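Trainee: Take this structure, written in structure tokens, and hold onto it; I'll ask about it next.
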Amino acid sequence: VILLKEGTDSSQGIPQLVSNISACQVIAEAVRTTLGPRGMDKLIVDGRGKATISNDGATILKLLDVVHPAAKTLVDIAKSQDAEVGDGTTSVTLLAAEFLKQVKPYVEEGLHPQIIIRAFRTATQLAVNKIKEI
Amino acid sequence: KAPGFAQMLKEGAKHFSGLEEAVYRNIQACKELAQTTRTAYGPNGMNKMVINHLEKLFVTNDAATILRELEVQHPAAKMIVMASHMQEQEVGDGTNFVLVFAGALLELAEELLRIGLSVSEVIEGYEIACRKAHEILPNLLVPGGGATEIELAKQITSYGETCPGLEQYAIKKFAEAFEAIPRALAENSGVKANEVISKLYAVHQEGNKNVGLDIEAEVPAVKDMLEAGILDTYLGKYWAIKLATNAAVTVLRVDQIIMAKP
Amino acid sequence: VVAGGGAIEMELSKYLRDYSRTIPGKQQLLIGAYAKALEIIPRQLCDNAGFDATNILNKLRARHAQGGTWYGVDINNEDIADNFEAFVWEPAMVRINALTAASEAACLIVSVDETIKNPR
Amino acid sequence: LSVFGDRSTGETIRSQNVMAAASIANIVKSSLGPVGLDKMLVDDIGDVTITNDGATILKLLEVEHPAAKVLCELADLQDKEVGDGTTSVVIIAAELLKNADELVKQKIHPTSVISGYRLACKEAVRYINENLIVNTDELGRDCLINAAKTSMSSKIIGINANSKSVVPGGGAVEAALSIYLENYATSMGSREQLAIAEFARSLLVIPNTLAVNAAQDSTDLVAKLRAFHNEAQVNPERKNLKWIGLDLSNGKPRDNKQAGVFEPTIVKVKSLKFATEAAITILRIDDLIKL
Amino acid sequence: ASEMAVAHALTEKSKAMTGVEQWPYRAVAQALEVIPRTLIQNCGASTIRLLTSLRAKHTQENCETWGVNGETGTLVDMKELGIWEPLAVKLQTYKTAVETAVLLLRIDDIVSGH
Amino acid sequence: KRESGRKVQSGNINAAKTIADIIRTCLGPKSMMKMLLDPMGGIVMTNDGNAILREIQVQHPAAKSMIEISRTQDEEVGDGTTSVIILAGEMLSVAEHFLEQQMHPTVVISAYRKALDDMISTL
Ligand SMILES: Nc1ncnc2c1ncn2[C@@H]1O[C@H](COP(=O)(O)OP(=O)(O)O)[C@@H](O)[C@H]1O
Ligand SMILES: Nc1ncnc2c1ncn2[C@@H]1O[C@H](COP(=O)(O)OP(=O)(O)O)[C@@H](O)[C@H]1O
């Protein structure tokens with residue numbers, strides 16, 4: 001009778017992060033084959049039945065509009081990369097899902113998420129320093 | 001077919017029997033309220049992917065925004081939420097102090113009620129410890145990072161050890177409730193919380209006050225909060241310890257939720 | 001500019017992986033995990049081009065160890081090539097903003113632990 | 001096809017043999033080292049033989065599975081040949097199969113995996129032989145007192161009435177080979193770079209398992225070992241520590257040459273050879289026929 | 001009395017026990033209190049009220065006395081009531097309880113095989 | 001078939017704790033009685049801790065170890081056997097530090113073995 005949620009769906013801990021990691025890989029798979037000039041095309045159909053064929057990663061994500069919460073984070077990040085540059089949305093989308101995939105087994109082994117963030121913030125700055133030097 | 005439900009005669013509400021521990025159930029509703037905000041405590045607090053009522057996505061770690069968007073329907077949780085709203089009056093911080101501390105007082109109260117201690121005697125201990133905490137807090141701006149929570153717990157635990165009677169059980173647990181705050185900072189930073197409490201008590205045993213948790217992923221040691229410049233407000237801890245105890249005591253005084261009609 | 005075709009991604013994988021060994025702690029496995037994640041860029045260019053990613057990545061990662069810095073994936077010929085000498089370039093600042101947006105996007109997902117949904 | 005039995009093929013047969021060998025390893029994983037936990041052995045009658053020795057467990061362990069029986073036959077080879085290291089063999093072989101099974105999902109043929117593990121064992125024995133210490137330091141030096149002292153400290157005696165060659169133990173070999181074989185993999189290629197790399201990562205289970213049994217964070221101690229061992233590879237300067245082992249009591253790395261934590265060379269050599277041959281024997285199994 | 005007398009020694013000795021082992025070290029002391037907890041439960045007297053006062057007597061007064069009377073339920077000195085038990089029975093009773101608990105805690109896998 | 005992981009230690013605790021809860025009230029001169037339903041419908045109203053556990057059937061091997069250790073006590077000492085099982089069950093009943101705090105048993109066992117040397121000295 002008297003419950004706390006009463007429709008409020010909520011889950012926390014490791015299962016929520018692992019659920020978001022798998023949902024982010026779905027966005028990667030949607031733009032995995034379009035990487036490069038010779039990448040495979042993607043056919044998209046709107047509500048009216050009009051077709052859309054394009055191998056551009058940015059144009060694909062605009063037409064999907066995925067409702068998953070974690071997936072929207074990558075799409076809004078990739079969309080900003082398209083507005084600022086217009087290129088590299090697929091590389092940003094693939095690397096993000098791949099950073100999440102590689103740390104997936106460590107998250108299951110009890111590694112804290114915050115320790116993982118210190119590695120990306122550290123490895124990123126070292127990579128940015130290596131680019132300018134080379 | 002008899003025997004049906006026992007102690008159920010008011011609108012068929014879910015009245016927990018003597019075996020089902022009706023008091024234990026209102027506490028569980030408050031513990032779940034703490035876990036929703038225990039992780040957002042501290043500089044390394046975890047963000048919450050909040051979905052507004054307008055189907056809007058917002059990622060934040062503020063406690064007031066979490067509860068304002070989380071429709072808290074349990075009345076036992078509304079009291080602690082009302083303390084958070086009262087916390088916003090006279091001070092603009094320490095909200096999660098009310099949620100984490102009160103959740104520890106109620107969570108630790110179950111260990112007393114399970115032994116057999118009366119709920120009326122548990123309330124007298126928390127009221128005595130709250131009055132004792134207000135006398136120790138001036139002796140401690142105050143240090144942060146869980147530093148005051150261990151010293152205030154250390155000073156209150158000694159008062160309960162020398163105080164004879166049954167109130168010492170609830171007074172000692174009032175000190176362990178303060179330990180939940182360093183445990184929150186340590187867990188959100190990826191550190192074994194028991195090692196932080198062990199070190200924070202050792203340096204305080206040697207008299208090294210103003211020592212808090214060193215926020216670092218690869219260093220579970222401690223450092224001085226004064227040298228680092230981490231400081232909390234006195235009135236933030238005063239009104240938080242006061243409103244948190246009243247919210248916990250107000251929930252303990254309740255033993256049965258009953259429906260009504262105008 | 002820097003060499004395209006995943007050439008810069010393999011160089012960073014060598015630097016971060018060799019750097020992670022000198023970093024004692026939990027950051028070792030993660031910085032190395034960050035390095036292997038950069039393999040996907042030259043990998044999918046081989047998989048999408050119909051090439052064998054194993055034979056190229058192993059032959060490509062071996063070249064960077066001997067001194068290679070610009071060698072990468074050649075979508076035309078199924079072999080490795082000096083993408084800098086081949087004039088396959090990309091802006092360094094555009095590639096820098098890709099790693100930053102990638103880590104910042106992954107950090108937002110990793111830093112999240114609970115989802116909240118107002119019933120509507 | 002109609003037959004008087006049953007057949008089952010595909011990649012799932014490899015997975016079924018992988019999960020079986022992985023199960024047998026977990027029965028003797030927590031009991032690794034001198035601080036290993038005891039385990040019950042409920043016989044058919046009802047007796048309960050409680051012990052922590054991995055060799056005594058495998059002699060009495062009865063799991064009716066072919067892949068598990070291969071590791072039981074493997075145990076007899078290591079016990080008779082040397083008489084030690086049987087627990088690390090079953091654990092090393094189990095991780096090589098769990099890692100190889102992942103490669104097979106990446107379209108890596110087992111023959112390419114079998115070839116990589118064979119070359120990795122050859123180079124590992126070479127790096128081991130190049131980094132030994134002969135039987136010496138008897139008189140005038142201290143390659144003993146610290147060995148016997150650390151062994152007797154468990155009892156009340158610890159205060160101070162009524163083999164021709166050895167090697168630093170405590171995960172020092174497995175940690176050193178983790179860096180060397182990972183660098184050697186980049187030199188060969190040819191569908192064997194990943195297998196030799198997974199052979200390198202598989203050895204870390206020994207220091208990772210010894211750390212869990214010692215009530216310490218295995219992720220940090222395993223990382224600290226590989227850092228001191230990797231610095232030995234970058235340059236031979238004396239500022240970089242060398243041959244650093246793993247102390248279970250204090251929960252910190254320690255130089256085993258001073259601490260006296262030594263093992264025979266044939267143990268680490270045979271255990272890597274027998275464990276490699278076992279994973280090879282199971283990886284070649286791609287089908288099962290029952291009658 | 002011997003249980004509460006020993007428990008006070010550990011609780012006072014655990015104050016100088018720096019580390020995480022102090023928590024289970026004190027929990028063993030609270031486990032010894034179960035012996036008078038059952039003697040008081042059988043007589044029918046209040047368990048919390050007497051067990052609380054019983055621990056206070058060991059703090060102030062000498063720990064060699066001030067136990068519990070199982071028949072009456074009230075507190076009494078063992079010098080006044082001949083409930084004195086041997087030492088070898090209590091030492092072997094204390095070792096066998098810890099050695100048994102240490103045994104079952106060392107079990108982590110109930111395995112079948114012969 | 002078999003048990004593995006945290007389910008074993010928490011399971012051994014509930015088995016040893018359950019055997020002690022039977023004879024919690026069999027201590028002292030005002031010991032309480034127990035009713036043992038025989039298979040033939042009979043009853044034995046004994047109040048001896050050794051006789052109760054001897055007639056009870058146990059499925060967990062942890063319970064067999066607790067009972068078999070009590071029988072070894074009776075051969076050496078015909079008294080205090082009921083105190084062994086109660087203390088062993090109470091020492092194991094503190095599962096907060098065991099699993100909920102994620103402490104290793106070696107940390108707990110080192111504390112239990114340290115207290116035992118202190119309990120012996122204090123007695
Ligand atoms: N940099 C820091 N280092 C250590 N502790 C901190 C730091 N910043 C904040 N804290 C601790 O986090 C607690 C909560 O702070 P704050 O977020 O301002 O209040 P609330 O959580 O109620 O919004 C404080 O009690 C403080 O001790
Ligand atoms: N008259 C008494 N008053 C208080 N305690 C008693 C009395 N007689 C026995 N006990 C307690 O009961 C416990 C069990 O005693 P006993 O029955 O002799 O051993 P067991 O229960 O193992 O057969 C003892 O530890 C003792 O302290």
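Simple scheme: letters A, B, ... for chains in structure tokens order, numbers from 1 for residues in each chain, numbers from 1 for ligands in the order shown.
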Find the residues of chain C in contact range of chain A, meaning any atom within 6 Å when counting only C-alpha atoms, and list them as a list in words.
Mentor: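 Only these qualify: residues 27, 30, 31, 33, 37, 48, 96, 98, 102, 103, 106, 107, 110, 113, 114, 115, 116, 117 and 119 of chain C.
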Trainee: Identify every residue of chain F that has at least one atom within 10 Å of any atom of chain D, counting only C-alpha atoms, and report the result as a VMD selection string.
Mentor: chain F and resid 2 4 to 5 61 to 62 64 to 65 103 to 107
Trainee: Between D:183, D:253, D:30, D:116, which one has atoms that come closest to residue C:66, using only C-alpha atoms?
Mentor: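 For residue C:66, the nearest of the candidates is D:183.
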Trainee: List all protein, DNA and RNA residues that have any atom at most 6 Å from ligand 1, counting only C-alpha atoms and all ligand atoms, and write the list as a ChimeraX atom specification.
Mentor: /B:41-43,93-97,144-146,215
Trainee: Please produce an output containing C-alpha atoms for each residue in the selection, written as an mmCIF file, in the first residue's frame.
Mentor:
```cif
data_model
loop_
_atom_site.group_PDB
_atom_site.id
_atom_site.type_symbol
_atom_site.label_atom_id
_atom_site.label_comp_id
_atom_site.auth_asym_id
_atom_site.auth_seq_id
_atom_site.Cartn_x
_atom_site.Cartn_y
_atom_site.Cartn_z
ATOM 1 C CA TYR B 41 28.326 13.714 -0.723
ATOM 2 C CA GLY B 42 31.698 15.432 -0.982
ATOM 3 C CA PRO B 43 33.871 16.823 -3.770
ATOM 4 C CA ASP B 93 24.355 24.185 3.025
ATOM 5 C CA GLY B 94 24.517 20.950 4.974
ATOM 6 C CA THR B 95 21.486 19.388 3.283
ATOM 7 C CA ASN B 96 23.073 15.960 2.815
ATOM 8 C CA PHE B 97 24.284 16.225 6.416
ATOM 9 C CA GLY B 144 35.811 19.795 7.407
ATOM 10 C CA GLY B 145 36.564 16.617 5.504
ATOM 11 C CA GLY B 146 35.064 14.523 8.286
ATOM 12 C CA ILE B 215 40.718 13.519 -1.137
#
```
Trainee: Output the neighbourhood of ligand 2 as a PyMOL selection string, that is, all protein and nucleic acid residues with some atom at most 8 Å from the ligand, counting only C-alpha atoms and all ligand atoms.
Mentor: (chain E and resi 35+39+68-71+82-85+90) or (chain F and resi 26-29+48-49+78-84)
Trainee: Between A:28, A:67, A:51, A:23, which residue has the minimum interatomic distance to chain B, considering only C-alpha atoms?
Mentor: A:67
Trainee: Could you please select, counting only C-alpha atoms, the residues of chain F within 6 Å of chain E and state them as an NGL selection string?
Mentor: :F and (2-4 or 8 or 84 or 87-88 or 90-91 or 109 or 111 or 119 or 122)
Trainee: If you keep N, CA, C and O atoms, can you produce a file of those selected residues as an mmCIF file, in the first residue's frame?
Mentor:
```cif
data_model
loop_
_atom_site.group_PDB
_atom_site.id
_atom_site.type_symbol
_atom_site.label_atom_id
_atom_site.label_comp_id
_atom_site.auth_asym_id
_atom_site.auth_seq_id
_atom_site.Cartn_x
_atom_site.Cartn_y
_atom_site.Cartn_z
ATOM 1 N N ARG F 2 27.296 -28.307 -4.487
ATOM 2 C CA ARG F 2 28.441 -27.652 -3.875
ATOM 3 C C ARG F 2 28.093 -26.195 -3.605
ATOM 4 O O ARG F 2 27.078 -25.681 -4.082
ATOM 5 N N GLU F 3 28.954 -25.537 -2.827
ATOM 6 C CA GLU F 3 28.782 -24.139 -2.465
ATOM 7 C C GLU F 3 30.108 -23.411 -2.636
ATOM 8 O O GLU F 3 31.178 -23.979 -2.400
ATOM 9 N N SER F 4 30.025 -22.148 -3.046
ATOM 10 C CA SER F 4 31.211 -21.350 -3.317
ATOM 11 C C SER F 4 30.886 -19.886 -3.055
ATOM 12 O O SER F 4 29.727 -19.465 -3.108
ATOM 13 N N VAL F 8 29.099 -19.424 1.367
ATOM 14 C CA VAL F 8 29.595 -20.490 2.232
ATOM 15 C C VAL F 8 29.743 -19.988 3.663
ATOM 16 O O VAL F 8 29.211 -20.586 4.605
ATOM 17 N N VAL F 84 30.289 -23.989 25.007
ATOM 18 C CA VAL F 84 31.144 -23.971 23.824
ATOM 19 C C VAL F 84 30.333 -23.599 22.590
ATOM 20 O O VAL F 84 30.717 -22.719 21.811
ATOM 21 N N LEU F 87 28.942 -19.881 22.651
ATOM 22 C CA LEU F 87 29.976 -18.892 22.367
ATOM 23 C C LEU F 87 30.452 -18.993 20.924
ATOM 24 O O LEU F 87 30.672 -17.971 20.264
ATOM 25 N N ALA F 88 30.619 -20.219 20.420
ATOM 26 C CA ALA F 88 31.023 -20.396 19.029
ATOM 27 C C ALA F 88 29.974 -19.858 18.069
ATOM 28 O O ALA F 88 30.315 -19.375 16.983
ATOM 29 N N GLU F 90 27.805 -17.343 18.883
ATOM 30 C CA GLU F 90 27.746 -15.894 19.050
ATOM 31 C C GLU F 90 28.961 -15.220 18.428
ATOM 32 O O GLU F 90 28.844 -14.140 17.837
ATOM 33 N N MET F 91 30.139 -15.837 18.557
ATOM 34 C CA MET F 91 31.330 -15.308 17.902
ATOM 35 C C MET F 91 31.166 -15.290 16.389
ATOM 36 O O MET F 91 31.697 -14.398 15.717
ATOM 37 N N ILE F 109 40.204 -13.588 11.617
ATOM 38 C CA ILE F 109 40.827 -14.695 12.338
ATOM 39 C C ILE F 109 42.025 -14.205 13.137
ATOM 40 O O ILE F 109 42.310 -14.707 14.230
ATOM 41 N N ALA F 111 42.242 -11.320 14.541
ATOM 42 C CA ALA F 111 41.703 -10.654 15.720
ATOM 43 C C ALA F 111 41.162 -11.665 16.723
ATOM 44 O O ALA F 111 41.348 -11.505 17.935
ATOM 45 N N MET F 119 42.059 -13.356 26.355
ATOM 46 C CA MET F 119 41.045 -13.973 27.202
ATOM 47 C C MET F 119 41.671 -14.983 28.153
ATOM 48 O O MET F 119 41.247 -15.108 29.308
ATOM 49 N N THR F 122 43.515 -13.009 30.991
ATOM 50 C CA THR F 122 42.612 -12.360 31.934
ATOM 51 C C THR F 122 41.970 -13.362 32.884
ATOM 52 O O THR F 122 41.766 -13.048 34.062
#
```
Trainee: Find the residues of chain F in contact range of chain B, meaning any atom within 12 Å when counting only C-alpha atoms, and list them as a ChimeraX atom specification.
Mentor: /F:96-97,100-103
Trainee: Go ahead and save the residues from that selection, with N, CA and C atoms, as a compact mmCIF listing (two decimals), in the first residue's frame.
Mentor:
```txt
# COMPACT_ATOMS: atom_id res chain seq x y z
N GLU F 96 28.32 -8.69 10.46
CA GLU F 96 28.48 -7.34 9.94
C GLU F 96 29.90 -7.13 9.44
N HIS F 97 30.89 -7.34 10.31
CA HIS F 97 32.28 -7.18 9.92
C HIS F 97 32.74 -8.26 8.95
N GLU F 100 29.35 -7.81 5.29
CA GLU F 100 28.82 -6.49 4.97
C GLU F 100 29.91 -5.43 4.90
N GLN F 101 30.97 -5.59 5.70
CA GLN F 101 32.13 -4.71 5.65
C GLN F 101 33.20 -5.18 4.67
N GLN F 102 33.04 -6.36 4.08
CA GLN F 102 33.97 -6.89 3.08
C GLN F 102 35.37 -7.06 3.64
N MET F 103 35.48 -7.43 4.92
CA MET F 103 36.76 -7.80 5.50
C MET F 103 37.08 -9.25 5.15
```
Trainee: Hey, what's within 10 Å of residue D:8 if we count only C-alpha atoms and toss same-chain stuff fewer than 5 positions away? As a count of residues only, please?
Mentor: 6
Trainee: Env of residue D:254: 7 Å cut, atoms = only C-alpha atoms, seq-sep filter 5 positions within chain, self excluded. Answer as a VMD selection string.
Mentor: chain D and resid 244 to 247
Trainee: With a distance threshold of 10 Å and counting only C-alpha atoms, extract the residues of chain B near chain C and express them as a PDB file with C-alpha atoms, in the first residue's frame.
Mentor:
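Saved to selection.pdb:
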```
ATOM      1  CA  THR B  36      19.965   8.239  -3.104  1.00  0.00           C
ATOM      2  CA  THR B  39      26.941   8.987  -3.073  1.00  0.00           C
ATOM      3  CA  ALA B  40      26.604  12.688  -3.975  1.00  0.00           C
ATOM      4  CA  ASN B  44      33.889  13.421  -5.512  1.00  0.00           C
ATOM      5  CA  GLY B  45      30.102  13.143  -5.408  1.00  0.00           C
ATOM      6  CA  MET B  46      28.438  11.071  -8.103  1.00  0.00           C
ATOM      7  CA  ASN B  47      26.054  12.838 -10.459  1.00  0.00           C
ATOM      8  CA  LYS B  48      22.418  11.800 -10.899  1.00  0.00           C
ATOM      9  CA  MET B  49      20.819  11.510 -14.340  1.00  0.00           C
ATOM     10  CA  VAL B  50      17.613  13.228 -13.252  1.00  0.00           C
ATOM     11  CA  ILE B  51      14.609  13.185 -15.592  1.00  0.00           C
ATOM     12  CA  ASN B  52      12.435  16.243 -15.002  1.00  0.00           C
ATOM     13  CA  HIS B  53       8.642  16.122 -15.024  1.00  0.00           C
ATOM     14  CA  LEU B  54       8.819  17.766 -18.479  1.00  0.00           C
ATOM     15  CA  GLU B  55      10.827  14.763 -19.778  1.00  0.00           C
ATOM     16  CA  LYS B  56      14.009  16.859 -19.618  1.00  0.00           C
ATOM     17  CA  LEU B  57      17.439  15.345 -18.997  1.00  0.00           C
ATOM     18  CA  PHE B  58      19.604  16.937 -16.295  1.00  0.00           C
ATOM     19  CA  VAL B  59      22.838  15.576 -14.808  1.00  0.00           C
ATOM     20  CA  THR B  60      23.496  17.061 -11.371  1.00  0.00           C
ATOM     21  CA  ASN B  61      24.711  16.178  -7.878  1.00  0.00           C
ATOM     22  CA  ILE B  66      17.398  15.458  -6.410  1.00  0.00           C
ATOM     23  CA  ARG B  68      12.663  18.235  -5.576  1.00  0.00           C
ATOM     24  CA  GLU B  69      12.546  15.971  -8.650  1.00  0.00           C
ATOM     25  CA  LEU B  70      12.261  12.707  -6.691  1.00  0.00           C
ATOM     26  CA  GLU B  71       8.611  12.582  -5.609  1.00  0.00           C
ATOM     27  CA  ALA B 217      42.186   8.199  -5.522  1.00  0.00           C
ATOM     28  CA  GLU B 218      45.637   6.624  -5.042  1.00  0.00           C
ATOM     29  CA  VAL B 219      46.337   7.904  -1.493  1.00  0.00           C
TER      30      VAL B 219
END
```
Trainee: Quick one: which chain D residues come within 12 Å of chain A, and what is the nearest atom pair for each with the distance in Å to one decimal, counting only C-alpha atoms, rows ordered by chain and ascending number, as a tab-separated table?
Mentor:
```
residue	atom	partner	partner_atom	distance
D:217	CA	A:111	CA	10.3
D:218	CA	A:109	CA	10.8
D:219	CA	A:111	CA	8.7
D:220	CA	A:111	CA	10.8
```
Trainee: Kindly save the residues from that selection, with N, CA and C atoms included, as a CSV table (one decimal), in the first residue's frame.
Mentor:
```
chain,number,residue,atom,x,y,z
D,217,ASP,N,44.6,-5.2,-1.7
D,217,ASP,CA,44.1,-4.8,-3.0
D,217,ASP,C,45.0,-5.4,-4.1
D,218,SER,N,44.5,-6.4,-4.8
D,218,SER,CA,45.3,-7.1,-5.8
D,218,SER,C,45.6,-6.2,-7.0
D,219,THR,N,44.6,-5.3,-7.3
D,219,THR,CA,44.8,-4.4,-8.5
D,219,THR,C,46.0,-3.4,-8.2
D,220,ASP,N,46.3,-3.0,-7.0
D,220,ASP,CA,47.4,-2.1,-6.7
D,220,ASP,C,48.7,-2.8,-6.6
```
Trainee: Out of stretch 26-252 of chain B, which residues get strand (DSSP E) from DSSP, as an NGL selection string?
Mentor: :B and (47-51 or 57-60 or 142-143 or 211-213 or 222-224 or 231-232)
Trainee: Pick out the residues sitting within 9 Å of residue B:125, and hand them over as a ChimeraX atom specification; count only C-alpha atoms, and ignore anything fewer than 6 positions along from it in its own chain.
Mentor: /B:166-172,174
Trainee: Should the cut-off be 6 Å, what would the residue list for chain D against chain C look like, counting only C-alpha atoms, as a VMD selection string?
Mentor: chain D and resid 186 to 187 189 219 to 220 223 to 224 227 230
Trainee: Give me, as number ranges by chain, all polymer residues having an atom no more than 8 Å from residue F:85, counting only C-alpha atoms and skipping those fewer than 5 positions away in the same chain.
Mentor: E: 97; F: 16, 19-20, 66, 70
Trainee: Atom CA of residue D:22 to atom CA of residue F:1: how many Å, to one decimal?
Mentor: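 A separation of 17.3 Å between them.
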